[PDB]
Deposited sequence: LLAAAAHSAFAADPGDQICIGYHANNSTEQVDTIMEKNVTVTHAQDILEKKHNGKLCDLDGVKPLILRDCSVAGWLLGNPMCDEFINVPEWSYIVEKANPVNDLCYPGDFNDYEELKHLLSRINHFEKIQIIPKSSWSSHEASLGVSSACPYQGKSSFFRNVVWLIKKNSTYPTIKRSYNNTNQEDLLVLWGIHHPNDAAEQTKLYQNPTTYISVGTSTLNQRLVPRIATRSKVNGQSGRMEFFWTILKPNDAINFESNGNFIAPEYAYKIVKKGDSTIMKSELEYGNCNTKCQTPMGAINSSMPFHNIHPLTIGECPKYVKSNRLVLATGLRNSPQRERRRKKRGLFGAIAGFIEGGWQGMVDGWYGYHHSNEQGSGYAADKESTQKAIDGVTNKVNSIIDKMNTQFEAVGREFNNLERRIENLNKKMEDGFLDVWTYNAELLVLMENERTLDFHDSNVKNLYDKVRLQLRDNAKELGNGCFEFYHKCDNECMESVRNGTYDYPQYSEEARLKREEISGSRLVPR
């Protein structure tokens, strides 16, 4: 009237944070953690401390050949990836084609050193016109012009003698060399420009064995030209020579490019500003600081990125189901201001809440470990995802699509089920921990107290604060009080 009491219960708070489990939707929970990265800085950034190459209105092709309408950031000796607009305004001003263009973009996607040098001075053409090879298709300062890195040689007097030029790579580095051939409209234009009716370009390295022949066809006007310019490239190794021989139609190198190549990336399509930021994961929509194992921003990423997932939320439960003084069988304790599982007692020294420090710490460590495993076991590797295939490589582009879609399907399913399964394990863990605490006490107390059925015990003896501490410590001395207990019990 009334006997001392100890109750077992668990933390409750004012959290409205919701979680899903394999078995229940929308469970209110004490604390939760999202493992889905959803935020980007809306900028293009350095990748592992190397600037990108941003081409504002120029194709890689326009940029390499010196399309004179390309007004770009000129000096840039290395880069980590390339940014183009979807459809650049300035490509090949004089219409035509670039041989193995996509393989060259991929080779140039990431470059350790890039330095333009002069391999054949425009001034070295003594028996051909170096300054007439100009077109209204390729306008400069209002006046007719041409690609600036490459020379459109025309006949001098009414003669086009055979060109023989060798260039020996005396540099330490590989040379990217560019040249072209003019496909004229007819035999009259052919002889008007090059005098000789039948022409070739021969090009030889230790590797290359090329002979080009112009092709006449009747073609639609593009940039007001029915002629076509076709471009070719090789990499000249650092002690090899390249040998040019031509009768006509030769678009000669003036400038070539020293390159050092240490691994590739790809070409990103984006309309974003550079932002001086560093990042380890770039997206067409912005960069990401990628601690989280999953993201939903954009598939077309370059770097060490979270796995891309079709998903709005991946929220793990970290806390508990959230809902005399009665114990656990009737709900949680707002009063348990600290601790996850613990006790409420009332004796002649007064009443209050005490955390079970040991079971609380064990459980916090467990849940922290669960979250860190799900994050830290994720293998993160460098990859570069772009669209590098042309409109006659549609079968290969379909192969890439099935693979990308394939991985999106596997990761989206596994992350969703992983969160549902583990959330159910976590909430069941909390129930298992509370019930085990109740049993820890029930087994110490035996017949020295009575189970009240609500998660509380009423003692058959005086249990001061020091007795209570021994119950919470698991050091309760049953023999010490069996005598006093038995007297009140038999009555």
Which parts of the deposited sequence have no C-alpha atoms in the model? 1 to 12, 336 to 349, 518 to 526
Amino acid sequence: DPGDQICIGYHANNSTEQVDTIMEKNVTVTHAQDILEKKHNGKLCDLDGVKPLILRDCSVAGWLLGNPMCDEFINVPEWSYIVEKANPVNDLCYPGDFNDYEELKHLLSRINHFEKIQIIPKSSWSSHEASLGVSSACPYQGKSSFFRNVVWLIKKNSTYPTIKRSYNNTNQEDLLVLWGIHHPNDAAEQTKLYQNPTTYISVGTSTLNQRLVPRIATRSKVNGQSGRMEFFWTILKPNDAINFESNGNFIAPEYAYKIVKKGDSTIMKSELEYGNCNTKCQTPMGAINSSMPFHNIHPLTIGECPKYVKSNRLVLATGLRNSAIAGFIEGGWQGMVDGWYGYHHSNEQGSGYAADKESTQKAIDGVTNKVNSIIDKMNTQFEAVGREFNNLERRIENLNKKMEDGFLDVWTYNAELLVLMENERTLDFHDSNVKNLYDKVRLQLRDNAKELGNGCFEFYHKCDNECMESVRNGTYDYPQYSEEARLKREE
From here on, numbers count along this sequence of modelled residues.
Pick between 129 to 137 and 271 to 279: the one whose mean CA B-factor in the entry is higher. 271 to 279
Which is higher on average in the deposited entry, the C-alpha temperature factors of 391 to 399 or of 68 to 76? 68 to 76
Looking at 184, 339, 180, 406, which has the highest CA B-factor as recorded? 339
Out of 150, 415, 324, 153, which residue has the highest Cα temperature factor in the PDB record? 324
By the record's CA B-factor, is residue 45 among the lowest, middle or highest third of residues in the chain? middle
C-alpha B factor of residue 214, ranked within the chain: lowest, middle or highest third? lowest
Split the chain's modelled residues into thirds by Cα B-factor; residue 291 lands in the highest
By the record's CA B-factor, is residue 333 among the lowest, middle or highest third of residues in the chain? middle
Sorting the chain's CA B-factors, does residue 106 end up in the lowest, middle or highest third? lowest
